[PDB]
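Colleague: Chains as they are written, first to last, in the numbering used here: chain A, 830 to 841; chain B, 830 to 841; chain C, 43 to 115; chain D, 43 to 115. Below is a structure I'd like to ask you about.
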Amino acid sequence: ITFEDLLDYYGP
Amino acid sequence: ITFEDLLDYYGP
Amino acid sequence: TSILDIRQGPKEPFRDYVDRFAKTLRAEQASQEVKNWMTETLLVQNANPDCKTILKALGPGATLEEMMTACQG
Amino acid sequence: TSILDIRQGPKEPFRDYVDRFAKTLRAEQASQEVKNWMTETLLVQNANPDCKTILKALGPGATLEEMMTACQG
């Protein structure tokens, strides 16, 4: 995964 | 090797 | 507070761990490249024995959902 | 501008490699505990193979000074 994967799932 | 070792070595 | 100290407990559900991880990292002060790299590195590296085994097995190209499903349990 | 990208050339003096690592690292935006971590991981990790072998043969307890003395020329 990437940081972008975490932002889509858990949010900014 | 720590980050403070780099600052002892390279300074400001 | 440091993303570096976010470590999964032996009995802690993976999704619980990734949750703590994601929320620490978003509030973490760093560039975007680093956060990707921390995500690509620390998340796997700080997981528990079994979840680490399962993740490394999936590969760097693994997707979060793939990881979720595999570790569901 | 990323610290993650600082890599030692095959024929670049290790002297010059660590110089750039420091300038980039201190310019980078991160917690001090993250900077500590980038130093202990990335500095050796991104050395050229020749130096990597030497730096791994020095042990994780070598000082920056010792590391210079080995990788000379």
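Even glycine gets a Cβ: it sits at the ideal position worked out from N, Cα and C.
#1: Regarding C/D47 and the ligand NAP, is the C-beta to nearest heavy atom distance less than 8 Å?
#2: Using 8 Å as the Cβ pair cut-off and three pairs as the minimum, do the region 90–106 of chain D and the region 89–102 of chain C touch?
#3: D/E75 lies in the alpha helix (DSSP H); which residues open and close that run?
#4: Taking one C-beta from the region 50–69 of chain D and one from the region 77–87 of chain D each time, how about it: are there three or more such pairs within less than 8 Å?
#5: Taking three-plus beta-carbon pairs below 8 Å as touching, is the region 92–112 of chain C in contact with the region 47–62 of chain C?
#6: Taking the alpha-carbon of B/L835 as reference, which of D/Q114, D/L85, D/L100, D/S44 has the nearest alpha-carbon?
#7: With 8 Å as the C-beta to C-beta threshold (strictly closer), list the residues of the region 61–82 of chain C near chain G in chain order.
#8: Ignore the nearest five residues each way along the sequence and tell me which others in C/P102's own chain have a CB closer than 8 Å to its CB.
#9: Please list, in chain order, all residues of the same chain as B/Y838 whose beta carbon is under 8 Å from its beta carbon, the five residues on each side excluded.
#10: Could you tell me which chain A residues have their CB closer than 7 Å to the CB of C/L84, listed as they occur along the chain?
#11: DSSP three-state label for C/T95, please.
#12: Are the C-beta atoms of D/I48 and some chain C residue less than 9 Å apart?
#13: Just the chain A side, please: which residues come within less than 9 Å of C/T105 by C-beta, in chain order?
Modeller: Taking the geometry as given:
#1: Ligands displayed in this structure: none; no statement on the ligand NAP is therefore possible.
#2: no
#3: Locating residue 75 of chain D in the fourth sequence gives position 33, where the first residue counts as 1. 74–87 is the span of the alpha helix (DSSP H), which, as asked, contains D/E75.
#4: yes
#5: Output reads yes: the region 47–62 of chain C touches the region 92–112 of chain C.
#6: For the purposes of this step, residue 835 of chain B is taken as residue 6 along the second sequence, with counting starting at 1. Taking each of D/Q114, D/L85, D/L100, D/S44 in turn and checking the Cα distance to B/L835, the smallest one comes out for D/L85.
#7: Within the model displayed, chain G is absent; protein chains A, B, C and D are what it includes.
#8: By 1-based counting over the third sequence, the position of residue 102 of chain C is 60. Closer than 8 Å at Cβ, skipping near neighbours: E82.
#9: Here residue 838 of chain B corresponds to residue number 9 of the second sequence, with the count starting at 1. Once the five neighbours on either side are set aside, B/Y838 has no close Cβ partner at all.
#10: Residue mapping note: residue 84 of chain C aligns to position 42 of the third sequence, counting from 1. Chain A residues near C/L84: none, gap ~11 Å exceeds 7 Å.
#11: Here residue 95 of chain C corresponds to residue number 53 of the third sequence, with the count starting at 1. Note: C/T95 maps to helix in three-state DSSP.
#12: Here residue 48 of chain D refers to the residue found at position 6 when the fourth sequence is read from its first residue. False, the Cβ-Cβ gap to chain C never drops below 9 Å.
#13: The count along the third sequence starts at 1 and reaches residue 105 of chain C at position 63. Within chain A, the residues near C/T105 are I830, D834.
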